[PDB]
Amino acid sequence: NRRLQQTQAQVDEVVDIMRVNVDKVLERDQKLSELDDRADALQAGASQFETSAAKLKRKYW
Amino acid sequence: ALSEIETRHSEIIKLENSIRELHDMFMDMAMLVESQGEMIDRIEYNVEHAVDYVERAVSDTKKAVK
Amino acid sequence: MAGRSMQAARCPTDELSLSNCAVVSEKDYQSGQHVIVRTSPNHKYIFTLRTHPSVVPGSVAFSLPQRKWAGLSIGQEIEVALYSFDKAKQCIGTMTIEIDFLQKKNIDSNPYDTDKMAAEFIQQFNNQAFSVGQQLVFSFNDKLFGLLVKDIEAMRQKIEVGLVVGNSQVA
Amino acid sequence: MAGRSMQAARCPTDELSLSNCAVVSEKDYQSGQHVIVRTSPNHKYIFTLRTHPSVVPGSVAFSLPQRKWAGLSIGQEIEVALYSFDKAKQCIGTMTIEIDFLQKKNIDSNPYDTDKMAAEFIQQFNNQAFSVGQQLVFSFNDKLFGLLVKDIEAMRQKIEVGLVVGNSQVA
Amino acid sequence: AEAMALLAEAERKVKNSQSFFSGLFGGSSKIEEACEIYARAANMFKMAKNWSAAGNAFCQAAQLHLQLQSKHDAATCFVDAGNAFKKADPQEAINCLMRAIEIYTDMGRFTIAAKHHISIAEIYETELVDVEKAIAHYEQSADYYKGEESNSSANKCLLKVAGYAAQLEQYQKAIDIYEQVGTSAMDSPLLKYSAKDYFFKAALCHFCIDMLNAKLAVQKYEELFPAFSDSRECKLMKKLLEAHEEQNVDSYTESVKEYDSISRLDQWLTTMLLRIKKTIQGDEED
Amino acid sequence: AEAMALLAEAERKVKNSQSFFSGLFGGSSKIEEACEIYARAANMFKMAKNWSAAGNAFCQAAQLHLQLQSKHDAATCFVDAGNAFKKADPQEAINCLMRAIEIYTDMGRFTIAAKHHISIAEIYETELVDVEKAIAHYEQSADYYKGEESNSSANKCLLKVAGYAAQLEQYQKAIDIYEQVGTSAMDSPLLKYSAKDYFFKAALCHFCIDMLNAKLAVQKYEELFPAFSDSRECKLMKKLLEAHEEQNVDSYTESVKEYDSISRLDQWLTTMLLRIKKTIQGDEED
């Protein structure tokens, strides 16, 4: 009977951990999401700049 | 004693399923680790590429003055 | 005498470990003087010194019992300072001690003459410092025991720390 | 024979420590010769030499059991001189030995056939010197013991020191 | 390449050019150079483990950066300074951070304003020990997170707010927070598992309520026998509510003794359970 | 398309221009061109599985890149070179990394410096078998991580440090590390769990202490029966302490004999358990 209640809380001990782990995946949701979109809009404003730079090249080179 | 084998039962069933709930988390979590593992596939993609566009930007600008 | 920093160490041989004396170096103190080891703002203990070649200058060595009574730790820096008793009031004349086999690994059912114990006790633990509740080891016939001071009387007032002398009775 | 001063060291390994042989260097003596350690006018001990590629020239290594018998310490001055026994009246033919577990924490109740011990004892401690009251360790079936020569007899004549041979019976 | 050397040149560089120095032009070009200098100094200062020097160095480069008009990277420098002083020996750990947020806030950067807002409330509690000022921050910060729809962090902060609000006697103002973060958690079939603890806390926090605020919150909670996660929330609670409505400080203290086996009580719970045990004792023999 | 061809064109141009060659402007672009060349060469070398050549080629492109003005992209190249030599057959894998960090370090970049610093020590142990230098790196790197208030990684490194430091002989230097990583583990209730093992390790490490350094470290510990996890920490320790204080090399060896059932004995523990097992025998016959 001892080994029984012994294993009980031990399992629950891991359950309490998953809790924190779940709170960790939520953080990885906020970051990736917003960031992935920002860095994605980066190539947009970066590409355009590379374009205008091409003009500065054909007039100053 | 019946009071033991019985208490054991209700306790074991309250031990396995206690893992069930935990098992459910490993399920959702794993499904999320792979889910969010997609964004990273784009992050790595964008990042390096963003450096390619910027690298071409810093080059032309420098040669636009020389 | 005012005070000086030192470092705890381990007891050199076994004999000194059976004398309940703080083994020190011959370049710092001398065998016979008393000191008050300071560990914490609320921990003051008194020991008896006994020099030995093995000892390293700037470090005091204690035995297992002592180190388990003062709560020391080899590595920690303690503040040792000389101490002098008021013999004309602190000398011990009658002190009760609790004895019991130190190691239950060598317990026997053989009788031990106490009359020959108190005689050898003062014969080895003479002119030394003892406190109430202090723990140490006694070597009777090369047999280790566990002593524990319970009550101390002078030559009648009861004190906490005393100085066992020649004419000192023990129970 | 002139006798040269040596320095007491520690036995190389535990193998030679179970043979009770004064381990020396091949650059000094040779396996088989006998020597007599001298620490004082009233203290003469005889040991059996056994070279080993781990001995320092000008020093003899002794095992703990030997040091607890001849009263030797690691780092003391001693004089060693060649000793030639008299195979005419000093040969061992019957030597009683007091055997007992060396390690008090390895005592069992298993049976040990003596007939097997005597045969293995002479097959390992052959052509060696054994004195009365000498202490050593015996390795029987990977088990440490504490032998103690109580009496020695020549091929009945009692002797203080003898030389175990191939046809030597032990009890 | 010496720290002091750089600090010096930096000084000779940072100064509105005028007279012979100014010549024909100048301005930002100089002050910027100085910024890079001090940063280069702060670098080797954190090297030799001076910290104090490194931190103050970053403060220099940062403040100078503002004198050039570049709040962004400036504030970031303010962060390097804050992290320096924090993991250093002097103070300023709090000032730098406030000086960083004042920038991230007006510049229209709340995502970060809250990121360091929580670090701030974390230091103002674990260091300064100013719970009343920490809560103000944990809160306003959660407000921002809620604006970014970062429900998660919003909850992280709310949990902090209520958690310390209960230690600060603010029990009712804590349960309200648990009710909100509790209702704003059921929406996600991933927080249902965590939504328990919220109800447990809210049902434990008592603003000395005489009615059944707890006997009601325990009911609002949906439980069934087949639960095993629930066994660590209301099952106990109900037994505590009866142990309070009956002034029995033996059934409550025995139940906390049993429950303290299948699920250990953190410092928080202990402090509150103790506070409730006291509301019972101080009411019995009396 | 030929490596040996590009390697040739890359050399005859990587020469500081002067006189008539210089023409009008310098050659900050020439050096960069050569770099792209060697990169393309090392590129095909890695295709021909000639790794060694790829590595030395990258070393060339890297070194040249520094001769320009780009420490960043250079250091990264040093990393490519190390990756090659590492998966390759020659050495140099260690040099490239030292140079890489050299740059990330002088640039002010400690985060990434430590990222490669641990990689370094990890190579200097499981490969070069240089634990004495590996610890030096695991440590300095953990210091950098601690400088970035990144407790998480800082501990990852410290564990390595103390772990192998105990294998060597550094027991006190190990326990100290466990005490630090232990105290800096309780602040975060998300590590509460692991905190045991730290105390188990620290209590096992014995710098030849004949006292109750461990009996006192186990007393300082916060176990409490109701909590189960601890069962795999101090419980055993107590029994071992008794088996040490009674010079019983049987009770200790039997205790570890039983504990290996309820809890698997990893290599580390074993090596140390045997070491303590030797301290006991080395006290029985002394």
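- This entry, as listed in the PDB, derives from cryo-EM and reports a resolution of 7.6 Å.

## Some points on the overall build of chain E
Part 1 of the argument: Counting its regular elements, chain E contains 14 helices and zero strands.
Part 2 of the argument: Counting from the amino terminus, helix and strand elements in chain E follow one another as α-α-α-α-α-α-α-α-α-α-α-α-α-α.
Part 3 of the argument: For chain E, whose C-alpha radius of gyration is 26 Å, the value lies well above the compact-globule estimate of 19 Å for 286 residues.
Part 4 of the argument: Its C-alpha atoms give chain E principal-axis dimensions of roughly 90 × 35 × 30 Å.
Part 5 of the argument: The contacts in chain E between residues at least 6 apart in sequence include a share of 54% that link residues at least 24 apart.
Part 6 of the argument: Put simply, chain E shows about 15900 Å² of open surface, and 51% of that area lies on carbon and sulfur atoms.
Part 7 of the argument: For chain E, the separation between the mean place of its 32 positive charges and that of its 43 negative charges on side chains is 6 Å.

## Looking at the interface of chain B and chain A
Part 1 of the argument: Taken together, the 30 residues of chain B in the interface contact 30 residues of chain A.
Part 2 of the argument: Its residues assigned to classes, the side of chain B that touches chain A comprises 17 nonpolar, five polar and eight charged.

## What to know about the pattern of salt bridges
A side chain with one charge may pair with a side chain of the opposite charge, provided their charged atoms come close.
Part 1 of the argument: All chains considered together, the criterion is met by 23 salt bridges over all chains.
Part 2 of the argument: For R10 of chain C, the salt bridge is made with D283 of chain F, and the minimal N-O distance between the two is 3.0 Å. Separated into two different chains, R10 of chain C in strand β1 (residues 4-10) and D283 of chain F in helix α14 (residues 267-284) make up a pair that spans both.
Part 3 of the argument: A relative accessible area of 45% places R10 of chain C in the partly exposed class.

## Quick look at the sheet that holds strand β3 (residues 43-48) of chain D
Residues and elements named next belong to chain D.
Part 1 of the argument: The strand order across the open sheet formed by five strands is β3-β2-β5-β1-β4, and the pairing between neighbours is mixed. A single partner strand is all that each edge strand has here, and the edge strands are β3 and β4 (59-62). Between one strand axis and the next, the sheet turns by 40° as a mean value, whatever way the strands run.
Part 2 of the argument: Of the pairings in the sheet, the one linking strand β2 (residues 34-40) to strand β5 (residues 77-82) comprises four bridges and is antiparallel in character. Residue pairing in the sheet places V37 in a bridge with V80 of β5.

## Regarding empty space enclosed by the protein
Part 1 of the argument: Here the largest cavity is characterised by a volume of approximately 200 Å³.
Part 2 of the argument: In terms of lining, the largest cavity is formed by 18 residues, of which the most central are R19 and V22 of chain A, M25 of chain B together with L190 and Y193 of chain E.
Part 3 of the argument: Of all elements in the fold, only α1 (2-60) of chain A together with α1 (2-63) of chain B reach the threshold of two or more residues within the lining of the largest cavity.
Part 4 of the argument: Of the residues in the lining of the largest cavity, the class split is 11 nonpolar, two polar and five charged.

## Regarding the interface of chain E and chain B
Part 1 of the argument: Every contact between the two is made by four residues of chain E and, on the other side, nine residues of chain B.
Part 2 of the argument: The tally of links from chain E across to chain B stands at zero salt bridges.
Part 3 of the argument: Across the chain E-chain B interface, the total number found is two residue pairs in polar contact.
Part 4 of the argument: Among the residues making up the side of chain E that touches chain B, the classes are represented as three nonpolar, one polar and no charged.

## Some details on unusual backbone geometry
Part 1 of the argument: Phi angles above zero are rare outside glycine, and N20 of chain C is one such case at about 55°.
Part 2 of the argument: One non-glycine residue, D142 of chain D, adopts positive backbone phi at about 55°.
Part 3 of the argument: Structurally, the position occupied by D142 of chain D is in the loop between β8 (135-139) and β9 (144-154).
Part 4 of the argument: By relative accessible area, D142 of chain D is classed as exposed at 79%.

## Looking at a positive patch on the surface
Part 1 of the argument: Taken together, the side chains of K14 of chain B together with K215, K235, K238 and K239 of chain E make up a positively charged region of the molecular surface.
Part 2 of the argument: At three residues, the largest contribution of residues to the positive patch is made by helix α12 (residues 234-245) of chain E.
Part 3 of the argument: Residue position: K235 of chain E is located in helix α12.

## Thoughts on the packing of helix α11 (residues 213-220) of chain E against α12 of chain E
All names here are of chain E.
Part 1 of the argument: At a closest axis distance of 10 Å, the pairing of α11 and α12 adopts a crossing angle of 155°. In terms of axis orientation, α11 runs roughly antiparallel to α12. The handedness of the crossing between α11 and α12 is left-handed. On α12, the residues that touch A214, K215 and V218 of α11 are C234, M237 and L241.
Part 2 of the argument: Taken together, the residues that form the contact of α11 with α12 break down as five nonpolar, no polar and one charged.

## With respect to the nonpolar core
Part 1 of the argument: Ranked by internal contacts, the top residues of the largest apolar core, which has 85 residues, are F47 of chain C together with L204 and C205 of chain F.
Part 2 of the argument: Non-local contacts of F47 of chain C, meaning those with residues more than four positions away in its chain, are made with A22, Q33, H34, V35, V37, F62, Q66, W69 and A70 of chain C.
Part 3 of the argument: Counting residues in each nonpolar core, the second largest holds 48 residues, with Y171, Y221, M237 and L265 of chain E among its members.

Scoring rules and cut-offs
Residues numbered from 1 in each chain as written, not as in the entry; some residues may be left out. Chains lettered and ligands numbered in written order. Part of a larger assembly, values for the part shown. Heavy atoms only, no water. Residues with missing side-chain atoms left out of burial classes, pairs and counts. Helix = DSSP H or I, 4+ residues; strand = E, 2+ residues; numbered from the N terminus. Rg over C-alpha atoms; globule rule 2.2 N^0.38 Å. Contact = heavy atoms within 4.5 Å. Areas by Shrake-Rupley, 256 points an atom, 1.4 Å probe, with all protein chains shown as cover. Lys, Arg positive; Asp, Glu negative; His and termini not counted. Charge placed at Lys NZ, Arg CZ, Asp CG, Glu CD. Nonpolar A, V, L, I, M, F, W, Y, C, P; charged D, E, K, R; others polar. Salt bridge = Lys/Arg side-chain N within 4 Å of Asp/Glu carboxyl O. Buried < 20%, exposed > 50% of the residue type's maximum accessible area, 1.4 Å probe, protein only. Pairing = 2+ DSSP bridges. Axes fitted to C-alpha atoms, helices over the stretch in contact; angles between N-to-C directions. 1 Å grid on protein atoms, 1.4 Å probe; cavity = no way out; pocket = protein on both sides within 12 Å on 5 of 7 lines; lining within 4 Å. Points joined across faces, edges and corners; volume = space filled by probe spheres on them. Polar contact = N/O pair within 3.5 Å; in protein donor to acceptor, adjacent residues only side chain to side chain. Patch = residues over 30% accessible without salt bridge, like charges linked within 9 Å, V, L, I, M, F, W, Y side chains within 5 Å. Parallel < 35°, antiparallel > 145°, perpendicular 65-115°, else oblique. Left-handed = near helix turned anticlockwise from the far one by under 90°. Core = buried A, V, L, I, M, F, W, Y, C linked by side-chain atoms within 4.5 Å.

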